[PDB]
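Only one structure is covered here, and it is reproduced in the block below.
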Amino acid sequence: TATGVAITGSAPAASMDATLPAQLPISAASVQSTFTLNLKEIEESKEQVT
Amino acid sequence: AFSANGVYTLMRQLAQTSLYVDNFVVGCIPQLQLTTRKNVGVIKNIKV
Amino acid sequence: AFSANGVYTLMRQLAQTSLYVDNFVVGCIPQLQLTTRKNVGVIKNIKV
Amino acid sequence: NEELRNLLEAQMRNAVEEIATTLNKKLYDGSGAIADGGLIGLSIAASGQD
Amino acid sequence: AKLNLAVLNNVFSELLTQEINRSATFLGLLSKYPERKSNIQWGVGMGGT
Amino acid sequence: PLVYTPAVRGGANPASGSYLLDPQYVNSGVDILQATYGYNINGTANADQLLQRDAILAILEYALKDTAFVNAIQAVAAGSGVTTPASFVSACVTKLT
Amino acid sequence: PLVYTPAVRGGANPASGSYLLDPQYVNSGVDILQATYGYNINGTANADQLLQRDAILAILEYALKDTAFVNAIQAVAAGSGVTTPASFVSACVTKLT
Numbered sequence: 135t136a137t138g139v140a141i142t143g144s145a146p147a148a149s150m151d152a153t154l155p156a157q158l159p160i161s162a163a164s165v166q167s168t169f170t171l172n173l174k175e176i177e178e179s180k181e182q183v184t
Numbered sequence: 005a006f007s008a009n010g011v012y013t014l015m016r017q018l019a020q021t022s023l024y025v026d027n028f029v030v031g032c033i034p035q036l037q038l039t040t041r042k043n044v045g046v047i048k049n050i051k052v
Numbered sequence: 005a006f007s008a009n010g011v012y013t014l015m016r017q018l019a020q021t022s023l024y025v026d027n028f029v030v031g032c033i034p035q036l037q038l039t040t041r042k043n044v045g046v047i048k049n050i051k052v
Numbered sequence: 037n038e039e040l041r042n043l044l045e046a047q048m049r050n051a052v053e054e055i056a057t058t059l060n061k062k063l064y065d066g067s068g069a070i071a072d073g074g075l076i077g078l079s080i081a082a083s084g085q086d
Numbered sequence: 073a074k075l076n077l078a079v080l081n082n083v084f085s086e087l088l089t090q091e092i093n094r095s096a097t098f099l100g101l102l103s104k105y106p107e108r109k110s111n112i113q114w115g116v117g118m119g120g121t
Numbered sequence: 110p111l112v113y114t115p116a117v118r119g120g121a122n123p124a125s126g127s128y129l130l131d132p133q134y135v136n137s138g139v140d141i142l143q144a145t146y147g148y149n150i151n152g153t154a155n156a157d158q159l160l161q162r163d164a165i166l167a168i169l170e171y172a173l174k175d176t177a178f179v180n181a182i183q184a185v186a187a188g189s190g191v192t193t194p195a196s197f198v199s200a201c202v203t204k205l206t
Numbered sequence: 110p111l112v113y114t115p116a117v118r119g120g121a122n123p124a125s126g127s128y129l130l131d132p133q134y135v136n137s138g139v140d141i142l143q144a145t146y147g148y149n150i151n152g153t154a155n156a157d158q159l160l161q162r163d164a165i166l167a168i169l170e171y172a173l174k175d176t177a178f179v180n181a182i183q184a185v186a187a188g189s190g191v192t193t194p195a196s197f198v199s200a201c202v203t204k205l206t
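Residue numbers (the numbering used here), protein chains in the order written: chain A, 135 to 184; chain B, 5 to 52; chain C, 5 to 52; chain D, 37 to 86; chain E, 73 to 121; chain F, 110 to 206; chain G, 110 to 206.
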């Protein structure tokens, strides 16, 4: 703050500035996927599909 | 009073009474001054 | 703060109001710190 | 801390030293059971029970 | 029972965001002057002849 | 029955267990709190402590921020037998029963 | 009338106003808090908010550590209609008055 006193005044009241946190958490979850393909399908798809 | 953007401000760190305090101050002494209210035009209350 | 026997103390001559006065101070700021109370033994309440 | 920094390497040396200190504790209390680790121990080696 | 659940520490980062608006536009163009007197006096001339 | 979820938005249940509380302004004005909450350190579950931890976070995320709860716990502390606050916390339990 | 001191031993009224709480083990078992408490950051405390600060620090130090207060706040949460815990705190403020 900045207030106005007289020239022969008496030094007005105290005031400082301020900061604040944010803390923004991330560490719980994930985005995942599976697909579970077979081992015999990867041979009968090289001479089956054009 | 030094230089602060053309406004003369004076520091003067104050006195001290306890062992652990500093208790500064800073201030200036201003005035605006308009000559010849002839060039001056105002418009009042607009819807805003 | 100087280092009298490793303990840091601060001088701080205070501000004076009358003409013939000085009004000094002196002080420090301590803390003791024991880790790991494993090596420690006490023999409380001897006849004395 | 440097030890708590690498979390696998700290618990690696922390489990071997638990195997080592639970093993001599069973050298005095061994009974041959699976919960006693299979050790026989001095509880019945330093007395006559067969 | 985690072995560093109470030794991990919370450290900020150099990202101070200026949020408050403390601007000075009209003060910035008034062509400042150092008047070291008690009061400013000048002359205003009306008519009459 | 009560269906409380951790009110900290992105990160209700963490991997480490250091569930970092969000900072909250406690007197409805002037102070700030900034807690954490480390999970299981002397056991795991007990199947009862999951309901008591379901109420510790409720009295700490929401209640101290509230302005009507704190004026109630202000009124209990002004009683005629409330000093040396092991009697403060015992004269509020009998209010809650 | 309540008489009270900050419970951490050598750190009662700090210089910077960051009153670091000493950690308590809250669920009678398995958890930990490690909170702090910032002093006046949005003004001052104007002679009534000292009394609210007198009771928030008592409910945060000597109450969450206790085993009969966390069991007294457990039984309110298992009541009737105490869901969505902005009503858990409003069903607790009716017991304290």
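Ideal Cβ placement from N, Cα and C applies to all residues, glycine included.
Burial state of residue i, where buried means 16 or more other Cβ atoms lie within 10 Å
| i | result |
| --- | --- |
| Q17 (chain B) | exposed |
| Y128 (chain F) | buried |
| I165 (chain F) | buried |
| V117 (chain F) | buried |
| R41 (chain C) | exposed |
| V52 (chain C) | exposed |
| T39 (chain C) | exposed |
| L169 (chain G) | buried |
| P123 (chain F) | buried |
| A56 (chain D) | exposed |
| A144 (chain G) | buried |
| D163 (chain F) | buried |
Cβ-Cβ distance between residue i and residue j below 7 Å
| i | j | result |
| --- | --- | --- |
| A177 (chain G) | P194 (chain F) | no |
| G138 (chain G) | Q158 (chain F) | yes |
| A162 (chain A) | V29 (chain B) | no |
| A181 (chain F) | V191 (chain G) | no |
| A200 (chain F) | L111 (chain G) | no |
| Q161 (chain G) | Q183 (chain F) | yes |
| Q37 (chain B) | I112 (chain E) | yes |
| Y113 (chain G) | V198 (chain F) | no |
| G66 (chain D) | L75 (chain D) | yes |
| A96 (chain E) | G147 (chain F) | no |
| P155 (chain A) | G119 (chain F) | no |
| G73 (chain D) | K61 (chain D) | no |
| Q157 (chain A) | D131 (chain F) | yes |
| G45 (chain B) | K104 (chain E) | no |
| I150 (chain G) | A140 (chain A) | no |
| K74 (chain E) | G126 (chain F) | yes |
8 Å CB neighbourhood of residue i in its chain, flanking five on each side removed
| i | result |
| --- | --- |
| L173 (chain F) | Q133, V135, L142, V179 |
| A5 (chain B) | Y12, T13, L14, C32 |
| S196 (chain F) | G190 |
| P115 (chain F) | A121, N122, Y128, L166, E170 |
Chain-ordered chain F contacts of residue i [CB-CB under 8 Å]
| i | result |
| --- | --- |
| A162 (chain A) | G119, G120, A121, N122, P123, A124 |
Interface residues of chain B facing residue i [CB-CB closer than 9 Å]
| i | result |
| --- | --- |
| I112 (chain E) | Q35, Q37 |
Spatial neighbours of residue i in its chain, beta-carbon cut-off 7 Å, leaving aside the 5 residues before and after
| i | result |
| --- | --- |
| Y64 (chain D) | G77, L78, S79 |
| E39 (chain D) | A46 |
| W114 (chain E) | none |
| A154 (chain G) | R162 |
Chain E contact residues for residue i, given Cβ-Cβ distances below 8 Å
| i | result |
| --- | --- |
| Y12 (chain B) | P106 |
Proximal chain A residues relative to residue i, where beta-carbon distance stays under 8 Å
| i | result |
| --- | --- |
| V29 (chain B) | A145 |
Partners in chain G for residue i, counting only beta-carbon separations shorter than 8 Å
| i | result |
| --- | --- |
| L160 (chain F) | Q183, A186, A187 |
Contact set between residue i and chain F, taken where Cβ atoms lie within less than 9 Å
| i | result |
| --- | --- |
| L80 (chain E) | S125, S127 |
| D131 (chain G) | Near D131 (chain G) there are no residues of chain F at all, since even the closest Cβ is about 13 Å away, more than 9 Å. |
Listed by chain order, chain C residues near residue i by CB distance under 8 Å
| i | result |
| --- | --- |
| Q20 (chain B) | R16, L18, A19 |
Contacts of residue i in chain D (Cβ-Cβ under 9 Å)
| i | result |
| --- | --- |
| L75 (chain E) | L40, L43, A46, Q47, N50 |
Residue i: contacting residues in chain F (beta-carbon distance under 7 Å)
| i | result |
| --- | --- |
| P194 (chain G) | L111, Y113, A167, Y171 |
Spatial neighbours of residue i in its chain, beta-carbon cut-off 6 Å, leaving aside the 5 residues before and after
| i | result |
| --- | --- |
| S149 (chain A) | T135 |
| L99 (chain E) | none |
Problem - Chain-ordered residues of the region 147-179 of chain A with a beta carbon less than 7 Å from chain F - result: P155, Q157, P159, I160, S161, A162
Exercise for the section: Please list the residues of the region 135-157 of chain F that have a C-beta atom closer than 9 Å to any C-beta atom in chain G, keeping them in chain order. Expected result: So the close ones are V135, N136, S137, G138, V139, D140, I141, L142, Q143, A144, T145, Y146, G147, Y148, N149, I150, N151, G152, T153, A154, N155, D157.
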